[PDB]
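One chain comes next, on its own, written out as structure tokens in the form solved without the ligand.
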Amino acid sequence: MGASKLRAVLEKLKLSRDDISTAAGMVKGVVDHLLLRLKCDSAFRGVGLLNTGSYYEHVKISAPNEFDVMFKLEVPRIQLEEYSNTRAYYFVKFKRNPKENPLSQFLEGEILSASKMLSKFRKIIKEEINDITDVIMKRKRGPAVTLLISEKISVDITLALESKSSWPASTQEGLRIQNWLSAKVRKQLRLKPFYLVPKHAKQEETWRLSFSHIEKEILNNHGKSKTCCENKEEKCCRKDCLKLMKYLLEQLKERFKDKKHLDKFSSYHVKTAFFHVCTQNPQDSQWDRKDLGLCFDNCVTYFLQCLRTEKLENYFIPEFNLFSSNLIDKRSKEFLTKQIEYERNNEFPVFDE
């Protein structure tokens, strides 16, 4: 219950709205030009922009000079094959689509090559950018490409495949929103497409499931009550809490920047944990504005338990553990645990620094 202070922090974050908005505009102008270029290419005919991520969830609170952008590509009749026993990684094949389809230039045997596709994606964007100081492309550190706009704004660009078929079985027990949002809503959401982003596992040519569009839909229609946050009597602190969790993690990564201890943690971990706290606390009355202090403390406490037990399930794919030993070592989780505990015990000093 340090609610008075948390409000002041939120109020401070609002002062960044204009810079972030101005920056978003420049990114948009550039990313629109790029989309027009991509659409001229045979391989990327059904390419489109996916308006997802923190900016579109109204939850981007820092870093006017950093954006993530996702392009989507409609890929009909996809066949998936699970990579090993990872529940989130897959190989991509096609259902009787061998020829007359421009995407087949990207095949290696029967599987679609992420590496070939990304290389052509990058090459197209580079060509376009080379045809036009105010926009450059950073060289490879491996998020397909990264741009620098006006020598100032860094934009990470991700290509995603869109599949309109039903979600893979590993999502069967995920998205536990039945008692928060409804069974009805869960049914409707699961009829929507899923996405696949290029992502190495273990190793190569695998793709990882992505649901950034569902995450956006939940965040922008987030109450048990259909009118949550539409009137003064129903202002909940759910987004405030998510904002504070993200800022906490950003501020900590900034503080221990010289250490490598915090490099593996990202806002996705915070966002994932936050959705789990929404599931555990399904009623809007558990997110009363006046209880901002208790609610933020639930979020922090939840996040600490994930660290201590080394378990943070992907919200969509329950068997995919974001905090497994294979992704993040015990020492890093133990370091973050200690810092969060210190921070909580001292009314969050990093919120002023």
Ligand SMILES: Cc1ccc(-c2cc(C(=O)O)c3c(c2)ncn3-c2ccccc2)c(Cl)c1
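Numbers follow the displayed sequence, beginning with 1. Rigid core here is just the name for the largest C-alpha set that superposes within 1.5 Å across the two forms.
The form solved in complex with the ligand is left out here; the points below concern that form.
Does each of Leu36, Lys120 and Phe194 have at least one heavy atom within 4.5 Å of the ligand in the deposited bound form?
No: none of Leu36, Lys120 and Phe194 comes within 4.5 Å of the ligand in the deposited bound form.
May I ask you to check whether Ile218 falls inside a 4.5 Å heavy atom distance of the ligand in the deposited bound form?
Judged by the heavy-atom cut-off of 4.5 Å, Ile218 is in contact with the ligand in the deposited bound form.
Using a 4.5 angstroms cut-off on non-hydrogen atoms, would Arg208 count as touching the ligand in the deposited bound form?
Result yes; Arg208 sits at the interface with the ligand in the deposited bound form.
Quick one: is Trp287 in contact with the ligand in the deposited bound form, heavy atoms, 4.5 Å cut-off?
Output for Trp287 is no: heavy atoms all beyond 4.5 Å of the ligand.
Would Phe275 count as a contact of the ligand in the deposited bound form, using a 4.5 angstroms cut-off between non-hydrogen atoms?
It does: once the ligand is placed as it appears in the deposited bound form, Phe275 has a heavy atom within 4.5 Å of it.
Any idea which of 101-109, 75-83, 123-131, 208-216 reaches within 4.5 Å of the ligand in the deposited bound form, heavy atoms considered?
Among the listed stretches, the partner-contacting one is 208-216.
Output the sequence-ordered list of residues from 316-331 with at least one heavy atom within 4.5 Å of the ligand in the deposited bound form.
Stretch hits: a single one, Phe316.
Let me spell it out: fit the two forms on their rigid core, measure each listed C-alpha, and pick the one of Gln305, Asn65, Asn298, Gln286 that moves 2 Å or more between the shown form and the other one. Which is it?
Of all the options, the C-alpha that shifts by at least 2 Å belongs to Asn65.
Would you say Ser54 moves its Cα by 2 Å or more between the shown form and the other one, aligning on the core?
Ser54: C-alpha displaced by 2 Å or more between the shown form and the other one.
Relative to what is shown, are the Cα atoms of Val59 and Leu73 closer or farther apart in the deposited bound form, where the gap shifts by 3 Å or more?
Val59 and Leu73 sit closer together in the deposited bound form.
Which way does the C-alpha gap of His58 and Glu162 go in the deposited bound form, closer or farther, given it changes by 3 angstroms or more?
Residues converge in the deposited bound form, at least 3 Å closer.
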